[PDB]
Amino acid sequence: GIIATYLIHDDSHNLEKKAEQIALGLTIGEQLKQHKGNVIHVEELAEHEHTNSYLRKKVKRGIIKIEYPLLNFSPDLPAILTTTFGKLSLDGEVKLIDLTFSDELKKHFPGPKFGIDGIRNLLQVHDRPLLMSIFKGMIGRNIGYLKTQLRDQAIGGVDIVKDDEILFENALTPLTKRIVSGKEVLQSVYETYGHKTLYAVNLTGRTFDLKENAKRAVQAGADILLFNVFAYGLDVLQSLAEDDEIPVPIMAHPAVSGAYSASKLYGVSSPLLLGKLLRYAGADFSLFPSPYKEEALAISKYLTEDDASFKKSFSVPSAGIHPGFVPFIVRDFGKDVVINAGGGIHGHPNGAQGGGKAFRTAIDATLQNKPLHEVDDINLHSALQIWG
């Protein structure tokens, strides 16, 4: 079935007993043994006095692994989360760290439609890390403003431009207009500059209108759908990824997921949420806070670990990134990563065009192990001079 790995701060100091109580309490409480939960492993961990002080009580730390029979839940994320953490989420110092799906269970999930290889083929960028940037100051501005920023980022060499995280349906830049206008801008840049850029557009609105809106977006010519998965739910992302009438990649944004993962004592771990579950659910890209942390590397690990059931997803460490960090990013994440320039690309002395060239040049230098400061490029130089 499924193995849930929990990190617990046991105040009773009996990991064995507690583990067994959870195993029973979350299952059956002869023909019943068939649904009985099994304690697979108990791991004692080092004590933390600072936590004891914070909780005003001595707690024994440890990791508990429990196996829940497949017959105990429907094979979808809402049922899985409910079974493995519905009750425990309110039982105290317990955090869900990982979920190990059996090969049988994995068969019920789609995994990414495109994955790393599908995205690279789509963009026709086969070896180097990808480059992404974001519009800056879209709210209150018109379509002409969007078109100009999009054109500059594309001419700058960016592979993917995404909508500002908080851009919702509005009278100035509504969905279909953003898509139609954007598609024309990027086609024009392609026709003249030979560089193809993709536009990841924000898919928002009511949960029950998402499929209709996603299809309107596709019809309008959308390249990638940007989705705030955690504002809606993993099961919703999954249904979008499962629809073959939505033949475009989905880029997941981590907005709101912090409500689940910020604590070290409660919640659900970031690697499971932004790494494993997003991948199984169908996200082709996963944006997550950058370490500029093992946390970040863990997410990435689950997004790319070999798994015969699912394609790999593109890792997109975000925030606090400038051309100078490219070397660190590639060493830490490898070549199959997306360099997220964020909205900071527009801050370069030569606009988004200069910022993009700085990143593109930086990426190529990095792949040749050539230092950035020894690179003769006015754009990359001024970048290292202003940002570091």
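Residue numbers here begin at 1 and follow the sequence given.
In the deposited sequence, the stretch from residue 292 to residue 293 hides 4 to 9 residues that have no coordinates. When 56-64 is weighed against 337-345, 56-64 comes out higher, by mean CA B-factor as recorded in the entry.
82-90 and 245-253 differ in mean CA B-factor, and the higher of the two is recorded for 82-90. When the modelled residues of the chain are ordered by their C-alpha B factor, residue 196 lands in the middle third. Remark: residue 215 belongs to the lowest third of its chain, ranked by C-alpha B-factor as recorded. In the PDB entry, a CA B factor belonging to the middle third of its chain's modelled residues is recorded for residue 98. In the PDB entry, residue 120 places in the middle third of its chain by CA B-factor. The PDB entry assigns residue 264 a C-alpha temperature factor belonging to the highest third of its chain's modelled residues.
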